[PDB]
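J.: Below is one structure. I have some questions about it.
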Amino acid sequence: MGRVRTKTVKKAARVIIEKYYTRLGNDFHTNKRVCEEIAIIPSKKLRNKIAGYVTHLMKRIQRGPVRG
Amino acid sequence: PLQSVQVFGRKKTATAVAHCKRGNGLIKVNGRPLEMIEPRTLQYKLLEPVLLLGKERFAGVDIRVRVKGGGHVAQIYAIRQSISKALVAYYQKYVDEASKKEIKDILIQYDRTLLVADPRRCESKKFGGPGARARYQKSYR
Amino acid sequence: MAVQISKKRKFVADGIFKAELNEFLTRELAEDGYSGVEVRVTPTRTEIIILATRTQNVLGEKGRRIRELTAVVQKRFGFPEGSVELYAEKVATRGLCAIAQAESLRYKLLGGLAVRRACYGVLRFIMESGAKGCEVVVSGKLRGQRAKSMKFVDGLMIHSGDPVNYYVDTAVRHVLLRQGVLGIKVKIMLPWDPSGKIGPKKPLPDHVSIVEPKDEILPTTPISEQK
Amino acid sequence: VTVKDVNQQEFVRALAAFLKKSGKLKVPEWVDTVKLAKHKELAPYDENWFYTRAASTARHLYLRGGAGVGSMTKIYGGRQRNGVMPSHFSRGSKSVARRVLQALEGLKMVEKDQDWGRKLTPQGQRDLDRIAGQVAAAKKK
Amino acid sequence: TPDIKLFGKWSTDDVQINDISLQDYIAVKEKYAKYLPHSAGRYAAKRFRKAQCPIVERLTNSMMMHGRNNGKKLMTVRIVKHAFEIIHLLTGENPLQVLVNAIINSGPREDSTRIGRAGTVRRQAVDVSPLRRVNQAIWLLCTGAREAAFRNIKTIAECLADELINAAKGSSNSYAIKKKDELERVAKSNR
Amino acid sequence: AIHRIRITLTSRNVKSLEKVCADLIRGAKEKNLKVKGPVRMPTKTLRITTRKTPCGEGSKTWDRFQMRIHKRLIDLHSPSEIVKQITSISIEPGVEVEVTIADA
RNA sequence: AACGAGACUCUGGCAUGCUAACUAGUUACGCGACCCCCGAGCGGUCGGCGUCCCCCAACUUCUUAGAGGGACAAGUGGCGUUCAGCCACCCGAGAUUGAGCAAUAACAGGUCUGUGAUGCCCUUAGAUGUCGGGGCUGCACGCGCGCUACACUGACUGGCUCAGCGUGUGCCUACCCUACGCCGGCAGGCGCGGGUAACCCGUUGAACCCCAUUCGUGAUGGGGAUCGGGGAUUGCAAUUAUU
C-alpha cells in the first residue's frame, strides 16, 4: 500500500486547475488528455497520477471553497 | 465455406494452440488421443470441461492442439485452458451471444485458470543465496 | 584479407581501440587542453577527431605534431597504409568540459600555487560558462603528513537515479608532488533544458517539472459572421 | 491404426515377443556380461533385454526423422550416481546400439537413408501399424 | 452428479458437518467438490483465502513433509486414492464421513500458551479458533502415518487409513487423540 | 542484373539503428525497388558477472554489466549499382552496414 | 530553497489492436508418394497418422522486436477534521513482481602482492632482477563453509515422457562445439561433414516425476568410506596415486 502523493503532484495540480478550470470534466480519461495538451508531463506514469488528483480536487471544488 | 478460429492458453511458459475447425467430435493433442496423455492420474482434469459441459457441445468441431514448453504438469493446465477457450470462440463467431454467455457462467464458476492465466513466473536470483530469498549461513565464530 | 571475426567480438575490439587511444592521447596532450576524441570509420578511410581546446599547440609549426601522431597509429595497430586520416576540432564552451577543467587545475597546482584560491578560480569559470552547479574535491596531504579533504561546492548537484548518466560529467586526475600524491576530482552539471544542442534531454533531472504554457481569454457574444 | 492411438507400455511388450518368434534379430555374443550403460551399477534382470530394446528403437524412428547411433544413446541415457559426489547425467553404451540398428537393417526394417540417419523401411512401417491394431484386438481400446 | 463432480468415484453428497461451530471452515460439497484435489497455485494471499480450498486437498498438502518428499505432490495423491479405498473395504461407509469425524475428534477445545513473569516460565490457558482446530487436526494425524511407516513393513497408505479409523472412533491408539488430550490435560492445570 | 541484395544493419542503439533503416526503406520504396521489410533478429545479451571489490574483503558483492547488440536486415532485389551507390551515403551515426551479393 | 526519499532506468505481468518476416511459423490447398482399414465405404474417396512435396498461395494467432495503448486510489460502500488518508468490493493485471541508481559526516576498516598510481627507506653483481629440483597437500589435535547418508514416501532393473538462461574453431601464439559412418564392455580410437551462428551442434529427444518387475525391516541388495590389481585420455613431465 502506501502511495501518498508527493508535493510535485500537489503543486502542479492546483496550478493546472486554476488556469484551465473550464477544460475539466470529472472523468479520469478526459482530464488526462487535457493535461497532456495544456502542458507536457515528461513521464507517462506521472501523467496518470496528476490527472487523478486533478479529478479528485474537482469533486470538492463543486462544493464549498477550497483553501489551497 | 471453411470455418476456423484459433486460441491459445499459457501457464508458466507452456503454450498450447488449440484450433477449432468445423467437423464432428474427435479431440486430439499432438495427433494422439487425450485419453492417453501421460501422467494418466490427472486424466480427469483435461477431460473436466468436456465431461461437465457434455459431449454435445463437441459435435460441430474437430479440435487438434499443438504444444511446447513447460514440464509434464504445466502442459496439462495449458491444454485444458486452450480447449475451454477454443469451444467458446467457435460460439462467439458463428452462433449468438446467449449460447456462449451460458457456457461462460459454467466454466468461470469452478475457475481454476480455464479462462484466465496466472501472471506468476520465476523471480531472478541475486547473490549471497542459492535461492532468490534463501541465504547462506552466517557465522560469528 | 579475410575472413572476419564474430559479431560479438567485433564490438569488443572496437571498444579496445576506442579506449586505448583515449589514454594514449591524455599522456601527451595534457598541457594542450585535451578534452576527448570521437572516432569515425568512413568509406575507405579512418577519421580520428582529436578534440582539444587549443588547436594551436596541437598543430605545431608546419604540422609536425599531427604528422607524428598519424605515423604512430599507422604502425601501432597495423593499419593499412594511408587509410588513417587525422582531424582536429576546437570545442566552444569550455566550462562544461570537466575533463579539461580538471586537467587544467592540475597544471595550475603543479605549477606551484595555493589550493584554496586555485579551486575558487576554476569554480567561477565553470559556473560562469553555464552550469547549474559544480563541485571540486582535493583529497591528500597538506600542512603535515596526515591527509584531509577539501570540498568546494556551488549550485545544484544530483547523485541518484538515471539522470546521473546524462546531466553530469565527472573526471579524475592524479597529480604528484615531492610528498605523495594528491587526488583531484571535478564534477559539473549540464544546464540545457529549453533546447539544443539537443545534447542532454529536455526534462529536468531530479525534480521532473511540468512545463506549463498559459493562454486564457474569452470575449464571446452571439453573432453570425458570414465568410 | 496409427501407433499414436494405443498405449506404448503395451506396444513394446507385444512387439518384443513378435520378433523372437519369427527367428528375427541376430544377437551379439555379449549379452550376459553387459552392464548396458555407464551410469548403471548392475546388469539387467531381463534375459531377453535385446529383444525389448529393438522394439523401442523401431518405434522412435516412426515418430522422429531418424538419427544415428549417437542419438539413440542420448534418448536412453539417465542419471549417474557418483556416490559422495553429486549426481549428473551421462550417456550409456554405444556398441550395443550399433549392433541393434545393424541387426534391424539385416531384416530390412530400417535402412540408411539420406540426411544423416537411418530411417524405417515401408515394409517396417507396414509391420508396426499391423500389430498396432492387434493391441486393440487383444484387450479392447 | 452431472452438474457436480464426485471425486472420481466418491459422493460428496450424504456428507455432513455435525458441528455448527466448525462448519464454514470445513466445506467439501457446496460447489467445492472436484474430480481431483489440485489448484492452479492460488491458496493464500489473504488470511481468509486459506479457508476456501477443500479439506481433501489440505490433507494432501500436509502429507508431504521432511525433506525428501517436498515437491512431489503427484506421488502424494497416490497415497490418498488408496486411503479412501482401504477405508471403504475395511469398515464400509462413505469414506469422507470417516475423515470429517477424524478431523473434528482431533481438534483441541482449549490450549495453553506462554506468558512472561519474573523471568520464569508461567503458562496461561486460552481458547482456540475453529480455523486453528482444523489446521492442528490435519497436522496431527498426518504425523502418525509418517511415524509408523518409518521402519514398518506396512506402507503409509495402510498406516494412514488405520489412523483415521482410530481418530473417527476415539480409542487412543492414534497419535492424534493421545496428543489432543495431553494439551487439554495441561490446560486444566494452569488456567 | 537484378540480384537479391541484402542490406544488413547492426548497432547497439535502438534510435540510431531504426531511423537509418527507415531512410533506406523510404528511398527504396520511392524508386519502387520492391523492397522487403526489416527482419528483426533476437537481441543478444553479453553478460559479465564479476567482483565489485578488488582484493576481496568485506561483504561479498558482485556487479552485473550487460551489452545489448541489435541486428536487423532489409532484403532488396534490384541492380547492385544503385544500391551500393545510395547505401553508403546518408548515415549520420556510428552504425555498421554490410552489403551481401546474394543470399536467395 | 537545496541534497537523500520519491520521480528515474531495467525487468515481469495485459494486446486475435498497429508495424513485418523462406536466418521465424501457421493455415490452406495443389499435391503426388508412404502407411493401416483403422472408421462410413472396398483398398478409391471422405476421415485419421507424420514426412518428403510445397508455391509465382494465403496469413502473422503461435515465435521474433519495434512503435503505441492500459492502472490513476479510477468507480462504489464504510471510516477519517470529512482534510491528508485508511479498510472492503466491482471491473480487472489492484493501488507492494524483482533488481539497478542512492545524502551529510565518519573509520587510523581492507588493499604498496591490480596499477609504468605514488612518498620515504632498503637492496642492487657473491643481486630481492633467470634455468633445474623441492614446498604451499607435510599431522597426537581445535574451529568454520559445504557435500553425501542413515532406507519401503526407498533402492534396483526395464519401459514412457516434458524445458530454459547460454555457449561454440577462424581468438594468445595454436587452440572450438559436434552430427553422421566404422571399431571397442567401457573409458576411448578412427574416417568424413557442418557451423562467423533464429542458418550447424539442437524441433537442445535433461533430471526429479510417471508406468511395470525384483528386494523385505535385516548395519540388509540401505551407506560407499578405506584399499588391491588392471585399462584409457591430457601434457615436455602425472611419483606424495592430474583426470
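J.: Report, by residue number, each residue of the range F:49-66 that is surrounded by 10 or more Cβ atoms within 10 Å (Cβ to Cβ) and near RNA strand G (Cβ under 10 Å from one of its atoms).
T.: F:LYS52, F:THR53, F:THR61, F:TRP62, F:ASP63, F:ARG64
J.: Listed residues D:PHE18, D:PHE50; which is crowded, with 17+ Cβ neighbours inside 10 Å and among the aromatic types (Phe, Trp, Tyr)?
T.: Of the residues listed, the single one that is crowded, with 17+ Cβ neighbours inside 10 Å and among the aromatic types (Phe, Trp, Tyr) is D:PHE50.
J.: Looking at C:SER195, C:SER224, can you tell me which residue is within 14 Å of chain A (Cβ to nearest Cβ), in a loop (DSSP other than H, G, I, E, B) and surrounded by fewer than 10 Cβ atoms within 10 Å (Cβ to Cβ)?
T.: Going through C:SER195, C:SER224 in turn, the sole match is C:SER195.
J.: Could you figure out which of (1) surrounded by 11 or more Cβ atoms within 10 Å (Cβ to Cβ); (2) out of contact with any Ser or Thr (no Cβ under 6 Å at 6 or more places or on another chain) isn't true of A:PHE28?
T.: It is condition (2) that A:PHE28 fails.
J.: Consider C:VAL153 carefully, then state whether it is touching a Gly at 6+ places or on another chain (Cβ under 8 Å), surrounded by 10 or more Cβ atoms within 10 Å (Cβ to Cβ) and more than 14 Å from chain A (Cβ to nearest Cβ).
T.: yes
J.: Now a separate question. With the requirement that a residue be of a type in the set (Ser, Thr, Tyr), assigned to a strand (DSSP E or B) and free of Cβ contacts under 8 Å to residues at least 40 places away in the same chain, what does the range B:1-56 give you?
T.: B:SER4
Yes/no matrix, rows are residues, columns are (1) more than 14 Å from chain B (Cβ to nearest Cβ); (2) of a type in the set (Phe, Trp, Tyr):
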site: D:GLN9; (1), (2): no, no
site: D:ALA17; (1), (2): yes, no
site: D:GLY23; (1), (2): yes, no
site: D:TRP30; (1), (2): yes, yes
site: D:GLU47; (1), (2): yes, no
site: D:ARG64; (1), (2): no, no
site: D:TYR76; (1), (2): yes, yes
site: D:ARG79; (1), (2): yes, no
site: D:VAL96; (1), (2): yes, no
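J.: Can you name the condition, by its number, that D:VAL6 falls short on among (1) over 24 Å from D:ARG130 (Cβ atoms); (2) in contact with a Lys or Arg (Cβ under 7 Å, 6 or more places away or on another chain)?
T.: Exception for D:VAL6: condition (1).
J.: Would you mind listing the helices (runs of 4 or more DSSP H) fully within the range C:96-186 where at least 3 residues are more than 8 Å from RNA strand G (Cβ to nearest atom), in contact (Cβ under 8 Å) with a residue 12 or more places away in the chain and of a type outside the set (A, V, I, L, M)?
T.: C:98-110, C:116-128
J.: Being out of contact with any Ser or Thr (no Cβ under 9 Å at 6 or more places or on another chain), within 12 Å of RNA strand G (Cβ to nearest atom) and among the acidic types (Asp, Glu) is true for just one of C:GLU23, C:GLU38, C:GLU47. Which residue is that?
T.: One residue alone meets the criteria, C:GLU23.
J.: Scan the range D:78-92 residue by residue and report those that are more than 6 Å from RNA strand G (Cβ to nearest atom) and touching a residue at least 40 places away in the same chain (Cβ under 8 Å).
T.: Scanning the range D:78-92 gives D:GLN80, D:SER90, D:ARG91, D:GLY92.
J.: Which strands (runs of 3 or more DSSP E) does chain F wholly contain that include 2 or more residues that are within 14 Å of chain B (Cβ to nearest Cβ) and polar (S, T, N, Q)?
T.: Where strands (runs of 3 or more DSSP E) fall fully within chain F and carry at least 2 residues being within 14 Å of chain B (Cβ to nearest Cβ) and polar (S, T, N, Q), they are F:45-51.
J.: Hey, another quick one. Tally time: how many residues in the range E:47-76 are over 18 Å from B:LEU42 (Cα atoms), within 7 Å of RNA strand G (Cβ to nearest atom) and without any contact (Cβ under 8 Å) to a residue 24 or more places away in the chain?
T.: 3
J.: Just checking, which of B:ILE83, B:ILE76 is part of a helix (DSSP H, G or I), buried (at least 20 other Cβ atoms within 10 Å of the Cβ) and within 14 Å of chain E (Cβ to nearest Cβ)?
T.: B:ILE76
J.: Suppose we filter the range B:86-141 for residues that are within 14 Å of chain E (Cβ to nearest Cβ), within 13 Å of RNA strand G (Cβ to nearest atom) and acidic (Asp, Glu); how many remain?
T.: Summing the residues that are within 14 Å of chain E (Cβ to nearest Cβ), within 13 Å of RNA strand G (Cβ to nearest atom) and acidic (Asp, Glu) in the range B:86-141 gives 3.
J.: While we're looking at this one, here's another question. Cβ-Cβ under 6 Å, sequence separation 6+ or interchain: first residue in the range E:77-95 and more than 13 Å from E:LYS9 (Cα to Cα) and touching a residue at least 40 places away in the same chain (Cβ under 8 Å), partner surrounded by 14 or more Cβ atoms within 10 Å (Cβ to Cβ) and small (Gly, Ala, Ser). Which pairs?
T.: If the second residue must be surrounded by 14 or more Cβ atoms within 10 Å (Cβ to Cβ) and small (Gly, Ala, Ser), the pairs left are E:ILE79/E:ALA157; E:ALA83/E:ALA157; E:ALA83/E:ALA161; E:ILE86/E:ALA161; E:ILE87/E:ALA161.
Positions of Cβ are backbone-derived with ideal geometry, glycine not excepted, and every protein chain shown enters the neighbour counts. Laboratory data are not the source of any read-out in this text; all were calculated from the coordinates shown.
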